[PDB]
Amino acid sequence: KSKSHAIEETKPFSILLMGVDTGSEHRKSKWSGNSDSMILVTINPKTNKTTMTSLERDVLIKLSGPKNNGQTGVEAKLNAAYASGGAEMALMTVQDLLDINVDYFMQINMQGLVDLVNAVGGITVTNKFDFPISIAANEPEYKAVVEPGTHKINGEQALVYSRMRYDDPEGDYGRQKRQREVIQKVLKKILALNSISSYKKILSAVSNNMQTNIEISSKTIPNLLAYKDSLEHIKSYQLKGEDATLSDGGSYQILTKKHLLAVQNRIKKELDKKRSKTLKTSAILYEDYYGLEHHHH
């Protein structure tokens with residue numbers, strides 16, 4: 001489903017990486033649920049670099065999607081794209097958000113993350129807090145926790161470490177730094193194996209719980225390995241707007257023009273794309289919302 005050949009031509013590319021919470025029963029739909037995380041990833045084999053931009057789920061945006069969807073062209077939180085249109089709408093909504101075509105797309109459910117961490121023999125994280133990082137309170141199911149200090153945790157713990165939010169003053173932004181951390185570390189671990197055999201085993205270990213836009217076919221490793229060095233250096237960024245409360249008691253995130261442009265172009269420079277002087281997006285800007293631009297409005 002990838003009308004892109006960036007990997008077959010060792011050209012820099014963008015992949016929308018997503019963590020999906022598909023729930024308890026996966027009958028009707030197996031890949032339907034909520035965007036538990038959204039990160040736009042850039043990889044440039046040439047400049048030998050990688051960047052990760054987390055996308056705030058509470059960002060106010062005009063959902064983009066297929067006409068056959070009741071929620072297309074509707075103002076909601078960015079979180080709602082996947083929620084009411086899954087992968088496709090999330091992708092479309094994200095492409096319109098950043099004003100760019102997203103080469104690939106990858107989604108992994110919670111088991112996948114859990115398994116993935118465990119597959120590389122777990123990871124080591126530091127709990128800067130005094131209490132145990134946990135979400136048993138709001139999700140008694142996830143009883144695992146991360147005691148204060150440094151520890152090598154497992155998949156289950158790792159999941160809890162990247163979901164925690166309410167005990168973190170930084171809320172969803174704190175929660176995201178941690179989300180990026182787990183991703184970056186699991187890669188560092190994978191790559192260290194430095195074994196194509198070890199890789200095959202790992203991608204198959206998560207195989208049943210992750211769906212990609214990639215071909216992953218055979219003869220795909222020479223091509224992909226071409227970017228293994230690029231993963232050696234990751235610059236992480238967080239896309240965020242100013243907080244705001246609307247007609248409904250619901251709290252949102254409204255991006256400013258000055259910011260969203262810069263971030264787009266920063267990403268564009270990564271994929272070797274021309275940057276724009278004037279901004280275009282499907283998201284509600286801080287200025288057009290507060291009529292701060294002296295327009296007819």
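Parameters and conventions
Residues numbered from 1 in each chain as written, not as in the entry; some residues may be left out. Heavy atoms only, no water. Helix = DSSP H or I, 4+ residues; strand = E, 2+ residues; numbered from the N terminus. Buried < 20%, exposed > 50% of the residue type's maximum accessible area, 1.4 Å probe, protein only. Contact = heavy atoms within 4.5 Å. Areas by Shrake-Rupley, 256 points an atom, 1.4 Å probe, with all protein chains shown as cover. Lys, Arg positive; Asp, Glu negative; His and termini not counted. Charge placed at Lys NZ, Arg CZ, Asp CG, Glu CD. Pairing = 2+ DSSP bridges. Axes fitted to C-alpha atoms, helices over the stretch in contact; angles between N-to-C directions. Patch = residues over 30% accessible without salt bridge, like charges linked within 9 Å, V, L, I, M, F, W, Y side chains within 5 Å. Salt bridge = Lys/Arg side-chain N within 4 Å of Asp/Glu carboxyl O. Core = buried A, V, L, I, M, F, W, Y, C linked by side-chain atoms within 4.5 Å.

Per the PDB record, this model was obtained through X-ray crystallography at a reported resolution of 2.700 Å.

Participant: How should I be thinking about the overall build of the protein chain in this particular structure?
Facilitator: A count of helices and strands for the protein chain gives nine helices and 14 strands. Seen through its C-alpha atoms, the protein chain measures out along the principal axes to roughly 60 × 50 × 40 Å. Buried positions account for 46% of the 297 residues belonging to the protein chain. Looking at the protein chain alone, contacts between residues at least 24 apart form 65% of all its contacts between residues at least 6 apart. As displayed, the protein chain has an accessible area near 15100 Å², and 52% of this comes from carbon and sulfur atoms. Positive and negative side-chain charges of the protein chain, numbering 40 and 34 respectively, have mean locations separated by a distance of 6 Å.

Participant: What should I look at first to understand the environment of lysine 277 in this one?
Facilitator: Looking at the element boundaries, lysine 277 is found in the loop between α8 (257-270) and α9 (286-289). According to the relative accessible area criterion, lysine 277 is exposed, its value standing at 80%. Measuring from C-alpha to C-alpha, the distance between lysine 277 and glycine 174 comes to 32 Å, with 103 residues separating the pair along the chain.

Participant: When you look at the pairing of strand β14 (residues 251-254) in this model, what are you seeing that I'm missing?
Facilitator: Each regular strand displays side chains that alternate between the two surfaces of the sheet. As paired elements, strand β13 (residues 242-245) and β14 share four bridges and run antiparallel to each other. For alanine 244, the partnering residue across the bridge sits in β14 and is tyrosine 252. Hairpin connection from β13 to β14: five residues lie between these consecutive antiparallel strands.

Participant: I keep staring at the sheet that holds strand β3 (residues 49-55) and nothing clicks. Help me out?
Facilitator: Strand pairs in the sheet, formed through backbone hydrogen bonds, run parallel or antiparallel to each other. Across the sheet, six strands lie side by side as β11-β6-β1-β2-β3-β12; this open sheet has mixed pairing. Sheet topology places β11 (210-212) and β12 (234-239) at the edges, where each strand pairs with a single neighbour. For this sheet, the mean inter-axis angle between neighbouring strands, taken without regard to orientation, is 20 degrees. By the bridge criterion, six bridges tie β3 to β12 in an arrangement that is parallel.

Participant: Mind showing me how you'd approach a nonpolar patch on the surface here?
Facilitator: Among the surface-exposed residues, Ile196, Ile221 and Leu225 lie close enough to one another that they form a single nonpolar patch of about 200 Å² accessible area. You can see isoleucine 221 is positioned in helix α7 (residues 221-225). With a relative accessible area of 33%, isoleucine 221 lands in the partly exposed category.

Participant: Any chance you could explain the nonpolar core here in plain terms?
Facilitator: Grouped burial of nonpolar side chains is what soluble globular proteins tend to show. By size, the foremost hydrophobic cluster in this structure holds 40 residues, and its most contacted members are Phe13 and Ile123. When contributions to this core are tallied by element, the ones reaching two or more residues are β1 (13-21), β2 (34-44), β6 (104-109), α3 (110-119), β7 (123-127), α4 (155-161), α5 (171-193) and α6 (196-205). Examining the composition of this core, we find that five residues originate from one element, α3, more than from any other. Residue contacts for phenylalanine 13: discarding those within four places in its chain leaves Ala6, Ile7, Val41, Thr42, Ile43, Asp103, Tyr104, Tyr227 and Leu271. Core analysis: the next-biggest nonpolar cluster, separate from the first, contains 31 residues, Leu40, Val94, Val102 and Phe105 among them.

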